[PDB]
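The block underneath contains the structure these notes are about, expressed in C-alpha cells.
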Amino acid sequence: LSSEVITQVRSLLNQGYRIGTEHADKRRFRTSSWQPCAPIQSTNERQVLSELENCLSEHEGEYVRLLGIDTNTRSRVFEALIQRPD
Amino acid sequence: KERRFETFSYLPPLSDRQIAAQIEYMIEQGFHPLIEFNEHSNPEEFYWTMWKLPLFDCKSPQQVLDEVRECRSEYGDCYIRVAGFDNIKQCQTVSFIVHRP
Amino acid sequence: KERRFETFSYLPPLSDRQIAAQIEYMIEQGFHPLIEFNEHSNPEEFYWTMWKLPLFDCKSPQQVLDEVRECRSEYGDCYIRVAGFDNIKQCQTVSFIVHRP
Amino acid sequence: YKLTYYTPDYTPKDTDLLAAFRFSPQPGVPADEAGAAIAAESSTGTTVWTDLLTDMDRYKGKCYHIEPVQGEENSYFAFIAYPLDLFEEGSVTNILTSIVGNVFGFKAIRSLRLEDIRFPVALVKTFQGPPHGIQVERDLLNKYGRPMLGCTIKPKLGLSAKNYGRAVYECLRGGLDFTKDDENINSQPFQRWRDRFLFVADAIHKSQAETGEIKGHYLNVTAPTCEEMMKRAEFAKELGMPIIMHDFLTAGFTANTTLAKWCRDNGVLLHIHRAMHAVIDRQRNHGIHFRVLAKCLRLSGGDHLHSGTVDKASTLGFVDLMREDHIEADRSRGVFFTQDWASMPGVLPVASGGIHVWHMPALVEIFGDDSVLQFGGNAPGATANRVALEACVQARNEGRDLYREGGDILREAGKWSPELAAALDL
Amino acid sequence: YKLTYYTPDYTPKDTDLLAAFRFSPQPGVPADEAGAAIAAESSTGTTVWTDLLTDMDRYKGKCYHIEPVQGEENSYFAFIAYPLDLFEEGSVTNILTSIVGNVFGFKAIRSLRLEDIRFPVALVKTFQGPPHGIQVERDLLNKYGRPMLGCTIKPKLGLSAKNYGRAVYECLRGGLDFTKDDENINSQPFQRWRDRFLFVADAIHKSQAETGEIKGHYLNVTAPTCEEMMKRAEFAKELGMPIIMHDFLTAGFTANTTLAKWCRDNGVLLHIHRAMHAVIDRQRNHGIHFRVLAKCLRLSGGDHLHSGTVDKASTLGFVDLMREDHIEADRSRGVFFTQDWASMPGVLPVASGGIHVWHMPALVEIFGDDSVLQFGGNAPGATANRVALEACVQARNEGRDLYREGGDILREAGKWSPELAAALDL
Amino acid sequence: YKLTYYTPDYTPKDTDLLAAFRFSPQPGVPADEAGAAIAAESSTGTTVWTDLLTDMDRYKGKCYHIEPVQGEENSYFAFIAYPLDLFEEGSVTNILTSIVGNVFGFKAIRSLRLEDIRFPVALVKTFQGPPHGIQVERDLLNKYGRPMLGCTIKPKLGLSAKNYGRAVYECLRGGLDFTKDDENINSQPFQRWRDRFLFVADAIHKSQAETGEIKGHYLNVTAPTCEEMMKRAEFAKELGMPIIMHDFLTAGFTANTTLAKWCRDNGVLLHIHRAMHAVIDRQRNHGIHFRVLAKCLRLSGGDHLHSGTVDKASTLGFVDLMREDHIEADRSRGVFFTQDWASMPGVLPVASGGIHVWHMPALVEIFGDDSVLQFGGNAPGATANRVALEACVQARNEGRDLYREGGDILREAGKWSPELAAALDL
Amino acid sequence: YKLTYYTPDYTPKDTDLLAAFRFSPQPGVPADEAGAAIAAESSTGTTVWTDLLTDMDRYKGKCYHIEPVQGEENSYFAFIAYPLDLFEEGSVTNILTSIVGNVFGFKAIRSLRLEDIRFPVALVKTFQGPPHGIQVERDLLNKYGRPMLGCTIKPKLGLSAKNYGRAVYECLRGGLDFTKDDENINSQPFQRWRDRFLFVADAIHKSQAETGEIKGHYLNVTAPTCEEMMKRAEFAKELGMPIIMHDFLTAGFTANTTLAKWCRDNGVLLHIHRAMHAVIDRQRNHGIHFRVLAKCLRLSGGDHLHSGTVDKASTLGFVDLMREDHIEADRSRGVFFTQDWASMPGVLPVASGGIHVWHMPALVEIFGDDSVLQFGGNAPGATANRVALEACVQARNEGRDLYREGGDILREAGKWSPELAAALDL
C-alpha cells in the first residue's frame with residue numbers, strides 16, 4: 001500500500017466510514033463495470049489495511065477502486081481509483 | 001463475377017491456418033464465435049442464418065472449424081461467416097467469410 | 001365601487017400599527033422593504049412604479065413608514081403597495097396595500 | 001438469486017434509482033431471499049443463449065439493504081438501486097412499467113407496497129417538471145402572502161352551463177380565488193364542455209372586472225382521446241383562461257406529460273386532480289404509497305395536486321417533497337432517501353374534503369402560504385372564508401400563534417365582518 | 001343517506017349502468033348506509049342553494065340491493081344503478097373517473113372492491129372498440145383453426161438492436177406467430193426505438209420470405225408523450241408492420257383510445273399489456289378486478305390482452321366475457337351481470353408466464369382456438385413449440401381428451417420430431 | 001474579487017461543470033486574481049439594487065485551484081467549477097456562450113487558452129447525443145472488425161455533377177467504404193446540389209449492385225438557411241442516403257443540434273466535418289482545445305469526426321474521450337478531468353490529410369478498428385488502399401507487430417495483388 | 001506552386017472576391033512560395049485522372065499582390081483573387097468555410113490571418129442583409145437627431161422573471177430607449193423563457209403607456225435547436241416586442257441568417273451579440289480581424305451589433321464598413337479594399353462595456369447620431385445619461401466642439417437636471 005492510500009484510509013476510518021473495494025478487468029473497467037470484493041468486516045486500521053492488501057494481491061493486474069461508505073445513510077461519500085493493472 | 005464481401009474479401013481465400021489464427025485472436029480477446037450462413041449474399045439483407053448455437057464455452061479454434069465443416073457438409077453451396085461479439089462493449093467485432101459455393 | 005386588492009383587502013384599512021407590525025415581522029425573516037406606487041390597480045397590472053430605490057438597508061419599519069408619507073404626499077391620489085422578495089428562495093412573499101385615494 | 005441480486009456491501013451510485021419496497025413475504029421464503037426476488041422481477045424477471053451476449057451485470061437490480069419494520073412483525077423494507085440506463089429519459093410511464101409493471105403480480109410476496117423512489121439527479125433533469133412551478137404560478141397570479149382559496153361547484157351533476165356559470169360567478173365574486181370542475185364532468189349530455197367553457201370564462205372575466213383580482217376556475221380537459229384533450233386545452237387558451245385541470249391517474253401519465261408540454265409552451269397553468277388514487281394507496285400494507293405518485297406526477301409536470309384533507313407527519317413529508325427542491329432523509333415523516341430536485345420547482349399542495357373553515361387556521365399553520373385550500377357555495381360564505389383567511393394570515397404575520405388564537409382571530413374578524421360573523425354562527 | 005339513496009325495490013333500466021361492489025364497512029356502520037354512502041360518493045357526494053335548481057331526482061347512484069357474502073363476515077355485495085346521462089360518450093377515462101374517482105377514499109369503509117359493471121348496450125355502442133376484432137385479425141393474418149404462438153425476447157434489456165433482431169429472426173423462423181417487446185423497452189439509451197423497429201421490420205420481412213406465413217412482432221409504442229407515440233406508430237405503419245403493442249394502465253386509457261383510433265384508421269393491429277394490473281387486482285379485499293379492466297379496454301380497443309397463465313373459474317369467465325358477444329350471469333365464474341355487446345367484435349386473449357409446453361394441452365383445453373399463447377427461446381425450441389401445438393390441436397379435433405392424454409400425445413408427437421423430443425427431455 | 005470567486009478549499013459537487021483554462025496574466029497581474037477574474041467573467045462579470053433581490057451565492061463560478069505550468073513561465077492552468085443550474089438543458093450553444101462568451105476579451109490576461117471541460121452526468125442526460133452511435137452505426141452499415149475508408153473527390157471544384165458521380169463511382173467500386181463532399185462544395189453555380197444528389201445517389205446505388213457492399217457518400221448539408229439545410233436534408237433522405245455531412249463550426253451548434261435531432265428521427269447517419277478550427281485550436285497559447293469542441297459536438301450529436309492525420313498523445317487523449325464510455329484523467333494525454341457518460345454511445349474518429357497508405361499500419365495501430373480513414377482517386381488506387389487495410393487488419397489479428405512489420409506485410413500483400421503492387425511501387 | 005498560384009501582375013476583376021492575409025511563415029519557406037501555397041489550399045488544395053476533365057485554371061485562387069508589413073520582420077500582406085463562382089449565392093457559412101476552413105491548419109505558416117475581404121457588389125447583392133438597418137430602424141422607432149441609448153440588465157443571472165421585468169421597467173422608465181438580455185440567458189431552469197418574455201412584455205407596455213415614446217428590450221431567443229428558436233421569435237412577435245438578440249458565434253451563421261429572413265418577414269428588429277468575439281481576432285498576429293466578421297454579419301443580416309468599448313482608426317474603419325455604402329480603401333483605418341455596397345442599408349453599431357457616461361461626447365463624435373450606445377442602474381442614472389446625450393447633440397448641432405467642451409456642456413446640462421447633477425457627482 002502507498003502512503004497516500006494509507007493516509008486516505010486513515011482519514012476514512014477516523015470519520016467512522018466503512019471500507020469497501022471493487023475489482024474489474026481492463027475491458028469491464030472501460031465500461032464502468034465493477035464487481036463486489038470480499039467484505040472487509042473490521043473497523044480496526046490494521047485489520048482493514050491487511051484485508052485491503054490481501055484483496056489487492058487477490059486481483060493482480062486488475063483495476064481496484066476504494067470507496068467510503070456511510071452505513072447510516074447507506075450512501076457513497078468517496079470515490080478513489082487505488083490500483084491499475086500496469 | 002466481381003462480388004465482394006465485407007472484411008478480408010480482397011485477401012486470398014483464407015487457409016485453415018489463417019482462419020485458426022483469426023479465431024485464436026478472437027479467443028484471446030474473449031469474443032466467442034458465431035457461425036451463420038445464407039444461400040445468397042445480399043448487402044441489404046443484414047441477417048444470416050446462425051449455425052444452431054454461438055460457441056460460448058469455446059476453448060480451441062479447432063471446434064469452430066469442425067462446426068464449419070459440418071455446416072459445409074450440409075450446406076456446401078452456401079456462404080459461411082464467423083462473427084465475434086463483445087458482450088462488454090456490446091459490439092460485433094469480427095465478421096468475415098470462410099466458404100463460398 | 002367593489003374594487004378589491006389582492007392581499008388583506010377583506011380586512012379593515014390597515015392602521016399605522018398594523019402596517020408597522022407587518023414590516024416588523026417582514027424584517028424578522030430578512031425581507032427588505034419595497035415600495036411601489038400606481039394611480040390604478042388592475043389585476044392584469046403586475047408592475048407598479050418604483051419609489052426611487054428599494055430599501056435593502058432596512059433597520060426599522062419607521063423609515064419605510066415615513067417613506068410612505070412622502071410617497072403619499074407626492075402621489076396622494078395614487079395607490080401604494082409594499083412588497084418583500086426572498087432572494088434565497090427566489091420567491092416574492094409579501095404584496096399588499098397601505099394607501100388609497 | 002441472493003447471490004445474484006443481494007449485494008449487501010454495494011452502495012448505490014448517485015446516478016442510480018432507488019426504490020423502497022415494503023414486503024410481507026409468503027411463509028417459507030426468508031426475507032433476504034424475498035428482497036432478492038423483488039430485485040429480480042423488475043430488474044430481470046429471471047436461462048437462454050441470448051443471455052451471454054450482453055453484460056448481465058450492468059443491467060441488474062441490486063437490493064443493497066434489508067431491514068425489518070419497527071414495531072411490525074413479518075415486515076421489512078427493501079432498498080434497491082437501479083442503473084440509470086434502465087429507463088427512457090423523461091418517461092414516467094416507463095419508469096413505472098419497469099419498477100411496478102410485474103413485481104406486484106409475483107407470488108412469493110403476500111403483500112408488497114412501493115414506498116418511495118430516489119430518482120437520480122440525472123434522471124430528474126430529463127423531465128421538464130411542473131409547467132410553471134409555485135413561483136411562476138405566484139407571479140402569473142400576482143397574489144402573494146396567503147394560501148389560495150378553491151371551491152367546487154355542487155351538485156356534481158344537473159346544473160345548466162348558464163346556471164353552473166351562475167354558481168361559479170357567485171363563488172368567485174364572494175371572495176374565492178379559485179373555482180373548480182368536478183373530476184367527473186367532461187362532456188355529459190346535460191353539460192357539453194364548450195358551452196360550459198364560454199359561460200364560465202365570461203363569469204371569471206366579470207368577477208375579474210368587478211373585483212379587480214385575477215380569478216381562476218379549474219377547467220377539466222380530461223377527454224376520451226389525445227386529440228380531444230388538445231381541442232379543449234386549445235379552446236381554454238383562446239378564452240384567456242389562466243388555468244386548467246386534468247385527471248392524470250385515470251387518463252394517463254403519457255397524456256398528462258403531453259398536457260404538461262402543451263401548457264408549458266402555451267403558458268397555461270395546470271391543475272391536477274387525483275381520481276382513483278385510493279385504489280392504489282389506501283392500504284398501508286399493499287399497493288403504492290401516494291408520495292411515489294406525487295414525485296412521478298411532478299416529474300411528469302403539474303402545478304397543483306390534491307394533498308388530501310389530513311398521517312400528518314407523512315403529509316408533511318411528501319408535501320415538502322413536492323414543494324422543496326431539496327429534502328433530507330427522515331423516517332418520521334416517511335422520507336426514505338435524500339433527494340435533490342436540482343433547483344426544479346416544487347408543486348403547490350391542494351387541501352380539500354371539508355376544510356371546515358373553523359379548521360382553516362390549522363391548515364394555514366400546517367402548510368404555509370405555499371398551499372391551496374379548497375372548500376367542499378354562496379357569495380357570503382366565500383366572503384367569510386376569505387376574510388378569515390386574511391385575518392389569520394395577518395395574525396401569524398404580526399407573530400401570533402395561529403394554533404392557540406385561531407378562534408380569537410375569527411371572532412375579531414367577524415366583529416368587523418358581517419358575512420364572516422354569520423358564517424361563524426354556522 | 002339511506003332514506004334517499006337506498007332503494008331496495010327499484011329495478012334497474014336497461015339504459016342504467018350497474019356497478020358491483022363487495023365492501024367491508026367500519027364497525028358500527030350498518031350495511032345499508034355503507035352502500036348508500038358508496039353510491040353517494042360516486043354520484044353526488046352530499047346541501048347548497050344550487051341543489052334544487054335541477055331535478056335533483058334525475059342523476060343518482062341508486063344502491064338498489066344488497067347481500068352478505070356467503071362464508072364471510074362483514075363483507076357484503078352492493079349493486080348500484082347509474083343513469084346513462086351521467087357519462088360522456090366514448091370515454092373510458094370518464095367512466096372509471098366517476099365509478100372509482102373518490103369512493104375508494106371514503107372513510108367509513110374498511111375495504112372496497114369493484115368487481116363488475118354491465119355497460120348498457122347504448123353506452124357500448126359509442127366506443128370504437130377493437131380496431132379490427134378477432135375474426136377480422138384472423139382474416140388479415142390467415143392463421144386458422146388453432147391458437148397463435150408468441151415468444152418474448154430475452155434478456156429483457158441488454159441486447160443490441162442488431163442482436164435483438166437476430167433473436168427475433170430465430171424465434172420467428174422456428175415457427176412462432178409472433179414476437180414481442182418487453183413492455184419496459186421503449187427508448188432505453190442502449191436501444192433507440194427507431195433502429196429497433198428497422199431491425200425488427202427487416203428481420204420479419206426476411207423470415208416471412210423464408211417461411212411463407214405472416215410474421216409480425218409486437219412493437220411497443222408506449223412513449224413519454226402523445227406526439228412520440230404517434231410518431232412511432234407512423235413509423236411502424238411506414239414499414240408495413242401488422243401489429244403494435246401498448247401498455248394502457250401505465251400509459252393510460254386516453255392515450256390508449258387515441259392509439260386505437262389511429263390504428264383503426266391505419267389498419268394496424270394492437271396489443272395491450274396489462275403491466276401494473278397486479279397493483280389493482282392482486283388483493284382479494286381491495287381494488288378493481290381484472291375483468292372490469294378488460295371491459296374498459298375492449299371498449300377502448302385492442303386486438304390482444306394478457307390474461308394470465310392459469311382462479312380458473314374467474315379466468316374462464318372474464319376470457320369468455322372478452323371473447324363472446326352475449327354472456328350470462330354466473331357468480332361461480334365471477335360474472336355478476338348479464339351483459340350483451342350488440343355484436344361488437346371480440347378480442348383475443350393472451351396467456352404468458354413460462355407456460356411449460358407440458359401443460360399446453362391443458363391451455364388449449366381451457367382457452368379454445370381463438371387465443372394467443374406467449375412463452376417466456378431459440379429456433380429449434382420454437383419449432384418444437386409449434387409441432388406440439390399442431391399435434392395437440394389435431395388430437396383435440398379427433399376426440400382424444402386433452403387432460404387425460406396430454407402426456408401421451410406429446411409422446412407420439414416427439415417420437416417423429418427431434419426438437420420436440422429434446423424439449424420434452426427437459 | 002479574489003476574496004470570493006477563489007474558494008481554495010471548495011469541494012466540487014457531482015452536479016458542477018468543471019473547466020480548465022490555461023491563461024497568461026499581463027505582467028503585474030497576480031495569478032490568483034487572474035483566476036478569480038476568469039471565474040467572474042464567465043459567471044457574473046462584476047453593484048446595483050437588483051443584485052440583492054438574488055442570492056448571489058448560488059450562481060458564482062468558483063475557481064478552486066491554480067497551478068503553474070511545468071517547463072513554462074508566467075502560465076498557469078485554472079480550474080473553475082460551475083453549478084449546473086446556470087445551463088439550459090440540452091444547449092451546447094449555452095455551454096459555450098457562458099464558458100467562453102466574454103473571458104477571451106478580458107483585458108487583464110495577455111493570453112487565455114481553454115483546455116478541458118468536465119460535463120456532469122445530469123447535464124449529459126439532457127442531450128440526445130449522436131444519432132446512432134458506433135455500434136448502431138456499424139449495425140446499420142453491416143461491416144465489422146476493421147476501420148473504414150473514405151476518399152475526397154478532387155478537384156474540389158469544376159467537376160460536372162455527371163463527372164463528379166463518375167469520380168465517386170470509380171472511388172467506390174475500387175473498394176472504399178465512403179466518399180465525401182468537401183466542406184466548401186455546397187451548391188456552386190457550376191455544381192447545383194440537386195442534380196449532384198441525384199447523380200451521386202444513383203452512382204452509390206449501381207456500385208452497391210455491382211460490388212454487393214453497403215456504400216455511402218458523405219453529403220454536405222450545410223446551407224445558408226435553416227430551411228435550405230432542411231430541404232437538402234429531406235431530399236438526401238428520399239434517395240435512401242444512409243449518411244450526410246455537416247460543417248458545424250461555420251454553421252454553428254444550434255443548427256447542427258437540429259440536424260442531429262432530424263437525423264435521429266429519420267434514421268440518417270450524420271458525418272461531421274470540422275472546418276475553421278485552426279482559427280481556434282492550432283495555436284497552443286490561446287483558444288479552445290479540440291477535445292472540448294469534440295465533447296460539445298458529440299453532445300450535439302454526430303456519427304463521424306475528423307481527429308487529424310497525426311501531438312499523437314493529445315490525439316489519443318481526445319479520441320479515447322470521444323469513443324469510450326469512461327475515461328480517466330491523464331495530463332500526459334491532456335485529459336484534465338475524469339468524465340462519465342452513462343452508456344451514451346461514442347463517435348467515430350476520422351483521419352484525413354494525405355494518409356499516404358504506406359503509413360496506414362501505423363494508423364491502424366494508433367486508432368483501432370473503430371475509426372475511419374480519409375484519402376487525400378482511381379479504382380485501382382482505392383483497391384490498393386483497401387487491400388493494404390485488410391492485410392494489416394489480418395496481420396495485427398495474427399499477433400504480428402504492425403509497427404515493425406508494416407513493410408513486410410505490405411510486400412506480401414503486394415505479391416498477390418498487382419493493384420497494391422503498383423501502388424506500393426509509387 | 002508559385003508558377004500556378006502567384007500572379008503579381010494580375011489586376012483583379014471587378015467581380016473577384018479579394019481576401020487580405022497577414023502571415024508569418026516557417027523558417028526556410030520564402031514569402032512568395034508561402035503566398036502561392038496560401039492561395040492554393042483555399043481553392044485547389046494541390047493530381048488525379050479526374051483533373052483534365054476540368055477547367056482548373058478557371059476556379060484558381062490567384063495571389064496577385066504580396067507586400068511585407070511595414071516595420072515588421074517575418075510578416076507580409078497577401079492579396080489573393082477568388083472567382084465569384086467559388087462561393088454559393090448568399091451563403092455566408094460557405095464563404096468562411098472556403099476562405100478560412102482549413103487554410104489555418106497549413107503547417108508552412110507560423111501564424112496567419114484573414115484581415116479583410118472585398119465583397120464585390122455582385123456578391124453583396126445576394127445576401128438579405130440587415131432586416132431593417134439604420135434608416136428603417138429609426139423609422140420603426142420614430143427616433144432621429146440623436147443616437148439611441150441602452151442598459152444591460154444586471155446581475156447577469158439569478159433573477160426571477162418577475163424581478164427581471166421589474167428591473168427592465170425601471171431602466172426603461174429611466175430614459176433609455178432600450179434594454180437587453182444578458183447573452184448568458186436563454187432558458188435557465190430557475191427562470192424560464194416564456195415567463196421572462198411575458199414579463200418583459202408587460203413591463204414595456206407599461207413603459208410605453210407611461211412615457212409615450214417607443215420603448216423596447218433586446219430579448220434572447222438563442223436556443224439548443226432551430227425549432228424552439230423560431231418558436232421564440234414567434235412568441236416575441238406575439239407580444240408586440242420590437243427587437244430580439246442572437247449570438248451569432250455560439251449558434252453560428254446559418255442560424256442568424258434564418259433569423260435575418262424571418263425578421264425581415266416579421267417586422268421585428270434583430271440584435272446581434274458577439275459572445276466569443278475575442279477568441280478569433282484578439283491577438284495581433286493570428287485569427288481573423290473583427291471587421292471581416294462584421295461585414296459577414298452585415299451580409300447575413302442584423303439590425304444591431306456590438307462594437308466593444310473602444311484601437312480607433314480601424315474601429316472607425318469597420319464602423320464605416322458597416323454604415324456607409326462606399327468606403328475608400330484606407331490602410332491606416334484597416335480598410336484594405338474599396339467597398340461598394342450597392343446601396344445596402346447600413347447597420348447601427350452598438351457600443352457597450354461600461355460606457356462611463358462622462359465619455360459620451362467622445363463616443364458619439366466617434367460613432368455619430370447613427371449609433372446605439374449601450375450601457376452596462378436605476379431610473380435616475382439612465383435619465384441623467386439621456387440628459388447628457390441631448391445636451392451634447394445640441395451643443396454639436398449649434399456648433400460647439402465636444403472634444404474640448406464635453407465638461408462644460410455636461411455641467412450646464414446638469415445645472416437644470418438634478419439627476420445629471422447626481423450622476424456627475426459620482
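Letters A, B, ... go to the chains of the C-alpha cells in the order shown; residues in each chain start at 1; ligands are counted from 1 in the same order.
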
### Task
Write out as number ranges by chain all residues of chain A that backbone DSSP assigns to strand (DSSP E).
A: 18-24, 35-36, 63-70, 75-83

Identify, on the basis of only C-alpha atoms, every residue whose closest approach to residue 279 (chain F) does not exceed 12 Å; exclude the query and any residue fewer than 2 positions from it along the same chain; express the result as a short mmCIF file (atom, residue, chain, number, x, y, z; two decimals) with N, CA and C atoms, in the first residue's frame.
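part_13.cif, written as the output of this step:
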```cif
data_model
loop_
_atom_site.label_atom_id
_atom_site.label_comp_id
_atom_site.auth_asym_id
_atom_site.auth_seq_id
_atom_site.Cartn_x
_atom_site.Cartn_y
_atom_site.Cartn_z
N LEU F 249 -18.78 24.17 -37.30
CA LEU F 249 -18.20 25.46 -36.85
C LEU F 249 -18.65 26.77 -37.55
N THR F 250 -18.60 26.71 -38.81
CA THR F 250 -19.09 27.78 -39.64
C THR F 250 -20.61 27.98 -39.47
N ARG F 274 -15.22 19.48 -39.76
CA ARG F 274 -14.68 20.12 -38.56
C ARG F 274 -13.72 21.30 -39.11
N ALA F 275 -14.31 22.02 -40.04
CA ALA F 275 -13.50 23.09 -40.72
C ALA F 275 -13.44 24.32 -39.70
N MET F 276 -12.81 25.39 -40.12
CA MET F 276 -12.48 26.56 -39.36
C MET F 276 -11.93 26.40 -38.00
N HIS F 277 -11.02 25.42 -37.72
CA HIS F 277 -10.76 25.00 -36.41
C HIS F 277 -9.50 25.55 -35.93
N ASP F 281 -7.71 26.52 -32.57
CA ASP F 281 -7.15 25.46 -31.78
C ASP F 281 -5.70 25.34 -32.00
N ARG F 282 -5.28 25.53 -33.22
CA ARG F 282 -3.88 25.26 -33.61
C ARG F 282 -2.94 25.99 -32.74
N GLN F 283 -3.27 27.29 -32.42
CA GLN F 283 -2.35 27.98 -31.61
C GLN F 283 -2.41 27.29 -30.22
N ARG F 284 -1.34 27.16 -29.62
CA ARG F 284 -1.20 26.45 -28.32
C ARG F 284 -1.29 27.32 -27.03
N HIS F 286 -3.48 30.20 -26.91
CA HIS F 286 -4.73 30.99 -26.74
C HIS F 286 -5.72 30.14 -27.65
N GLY F 287 -6.97 30.01 -27.10
CA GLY F 287 -8.08 29.46 -27.84
C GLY F 287 -8.72 28.25 -27.15
N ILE F 288 -9.38 27.37 -27.95
CA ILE F 288 -10.23 26.33 -27.27
C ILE F 288 -9.66 25.06 -27.82
N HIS F 289 -9.73 23.94 -27.01
CA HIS F 289 -8.99 22.78 -27.42
C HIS F 289 -9.96 21.93 -28.10
N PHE F 290 -9.54 21.27 -29.14
CA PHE F 290 -10.29 20.27 -29.95
C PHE F 290 -11.05 19.21 -29.29
N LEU G 96 -16.96 31.48 -45.50
CA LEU G 96 -15.99 31.24 -44.38
C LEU G 96 -15.46 29.86 -44.48
N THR G 97 -16.21 28.88 -44.59
CA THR G 97 -15.58 27.52 -44.85
C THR G 97 -14.50 27.64 -45.97
N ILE G 99 -12.73 30.16 -47.55
CA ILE G 99 -11.62 31.01 -47.39
C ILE G 99 -10.81 30.63 -46.20
N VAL G 100 -11.50 30.33 -45.07
CA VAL G 100 -10.90 30.13 -43.72
C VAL G 100 -11.07 28.72 -43.10
N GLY G 101 -11.57 27.73 -43.89
CA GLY G 101 -11.95 26.47 -43.36
C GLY G 101 -10.76 25.66 -42.84
N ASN G 102 -9.80 25.40 -43.69
CA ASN G 102 -8.54 24.68 -43.29
C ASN G 102 -7.26 25.40 -43.51
N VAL G 103 -7.22 26.46 -44.22
CA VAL G 103 -6.03 27.29 -44.53
C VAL G 103 -5.19 27.65 -43.19
N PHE G 104 -5.89 27.92 -42.12
CA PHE G 104 -5.31 27.98 -40.73
C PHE G 104 -4.52 26.76 -40.21
N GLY G 105 -4.81 25.60 -40.73
CA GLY G 105 -4.00 24.44 -40.49
C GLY G 105 -2.80 24.11 -41.31
N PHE G 106 -2.47 25.00 -42.31
CA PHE G 106 -1.37 24.65 -43.23
C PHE G 106 -0.05 24.77 -42.54
N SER G 111 2.08 31.75 -38.33
CA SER G 111 0.77 32.41 -37.97
C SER G 111 0.19 33.03 -39.20
N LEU G 112 -1.16 32.95 -39.28
CA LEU G 112 -1.93 33.57 -40.42
C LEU G 112 -3.07 34.34 -39.89
N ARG G 113 -3.45 35.40 -40.65
CA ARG G 113 -4.77 35.97 -40.55
C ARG G 113 -5.48 36.31 -41.72
N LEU G 114 -6.77 36.16 -41.81
CA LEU G 114 -7.67 36.95 -42.61
C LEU G 114 -7.99 38.29 -42.18
N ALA G 278 -13.57 37.75 -28.92
CA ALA G 278 -12.17 37.81 -28.63
C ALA G 278 -11.43 36.50 -28.99
N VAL G 279 -12.11 35.40 -29.20
CA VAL G 279 -11.45 34.11 -29.47
C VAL G 279 -10.74 34.28 -30.75
N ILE G 280 -11.25 34.97 -31.73
CA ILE G 280 -10.72 34.89 -33.11
C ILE G 280 -9.72 36.06 -33.40
N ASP G 281 -10.13 37.27 -33.10
CA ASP G 281 -9.49 38.49 -33.68
C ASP G 281 -8.55 39.16 -32.65
N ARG G 282 -8.63 38.73 -31.41
CA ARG G 282 -7.98 39.39 -30.35
C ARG G 282 -6.51 39.62 -30.40
N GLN G 283 -5.72 38.54 -30.76
CA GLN G 283 -4.31 38.65 -30.80
C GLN G 283 -4.00 39.52 -31.90
N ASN G 285 -1.47 38.84 -34.17
CA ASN G 285 -0.71 38.12 -35.07
C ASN G 285 -1.46 37.03 -35.88
N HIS G 286 -2.72 36.67 -35.42
CA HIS G 286 -3.36 35.49 -35.83
C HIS G 286 -4.83 35.65 -35.81
N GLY G 287 -5.55 34.77 -36.55
CA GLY G 287 -7.02 34.70 -36.46
C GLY G 287 -7.70 35.41 -37.59
N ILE G 288 -8.86 36.13 -37.26
CA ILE G 288 -9.42 36.83 -38.37
C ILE G 288 -9.73 38.17 -37.78
N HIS G 289 -9.42 39.26 -38.44
CA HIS G 289 -9.76 40.53 -37.74
C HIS G 289 -11.29 40.77 -37.76
#
```

#### Entry: Within 7 Å of chain B: residues of chain D, using only C-alpha atoms, as a PyMOL selection string
chain D and resi 52-55

### Task
Pull out every residue of chain F sitting within 9 Å of chain D, counting only C-alpha atoms, and send them as an NGL selection string.
:F and (14-15 or 84-85 or 89 or 120-126 or 342-343)

### Message
Give me the residues near residue 68 (chain E) as a ChimeraX atom specification, where near means some atom within 9 Å (using only C-alpha atoms) and where sequence neighbours in that chain fewer than 2 positions away do not count.
### Response
/E:22,31,66,70-78

Using the selection just defined, write its residues with N, CA, C and O atoms as a short mmCIF file (atom, residue, chain, number, x, y, z; two decimals), in the first residue's frame.
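That gives us part_1.cif:
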```cif
data_model
loop_
_atom_site.label_atom_id
_atom_site.label_comp_id
_atom_site.auth_asym_id
_atom_site.auth_seq_id
_atom_site.Cartn_x
_atom_site.Cartn_y
_atom_site.Cartn_z
N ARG E 22 -68.11 -5.36 -3.82
CA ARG E 22 -68.01 -6.07 -2.50
C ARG E 22 -67.38 -5.04 -1.55
O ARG E 22 -66.67 -4.10 -2.02
N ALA E 31 -74.83 -2.03 6.98
CA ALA E 31 -74.51 -2.30 5.61
C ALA E 31 -75.25 -1.43 4.72
O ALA E 31 -74.72 -1.03 3.65
N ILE E 66 -78.69 -5.54 -1.87
CA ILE E 66 -77.51 -5.89 -1.14
C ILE E 66 -77.55 -7.32 -0.72
O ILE E 66 -78.63 -7.84 -0.62
N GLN E 70 -71.48 -15.03 1.23
CA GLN E 70 -71.54 -16.42 1.80
C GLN E 70 -70.20 -16.85 2.31
O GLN E 70 -69.15 -16.53 1.67
N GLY E 71 -70.17 -17.38 3.50
CA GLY E 71 -68.95 -17.84 4.11
C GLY E 71 -67.98 -16.68 4.48
O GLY E 71 -66.82 -16.98 4.59
N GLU E 72 -68.43 -15.41 4.64
CA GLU E 72 -67.61 -14.37 5.17
C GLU E 72 -68.41 -13.39 5.96
O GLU E 72 -69.55 -13.26 5.74
N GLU E 73 -67.77 -12.64 6.78
CA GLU E 73 -68.44 -11.89 7.81
C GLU E 73 -67.95 -10.40 7.52
O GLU E 73 -66.77 -10.19 7.17
N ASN E 74 -68.96 -9.45 7.64
CA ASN E 74 -68.81 -8.05 7.40
C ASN E 74 -68.34 -7.75 6.01
O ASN E 74 -67.52 -6.88 5.81
N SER E 75 -68.77 -8.60 5.01
CA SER E 75 -68.38 -8.33 3.65
C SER E 75 -69.70 -8.47 2.86
O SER E 75 -70.41 -9.41 3.17
N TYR E 76 -70.06 -7.59 1.99
CA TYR E 76 -71.46 -7.57 1.52
C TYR E 76 -71.24 -7.12 -0.02
O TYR E 76 -70.34 -6.26 -0.23
N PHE E 77 -71.94 -7.73 -0.95
CA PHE E 77 -72.04 -7.33 -2.31
C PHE E 77 -73.12 -6.19 -2.48
O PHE E 77 -74.18 -6.39 -1.94
N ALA E 78 -72.81 -4.97 -3.10
CA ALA E 78 -73.74 -3.94 -3.37
C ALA E 78 -73.75 -3.92 -4.86
O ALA E 78 -72.73 -3.99 -5.47
#
```

### Task
Provide as a PyMOL selection string the residues of chain A at most 9 Å from chain F, counting only C-alpha atoms.
chain A and resi 29-32

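The two copies, chain F and chain E, share one sequence, and their C-alpha RMSD after a least-squares fit comes to 0.4 Å.
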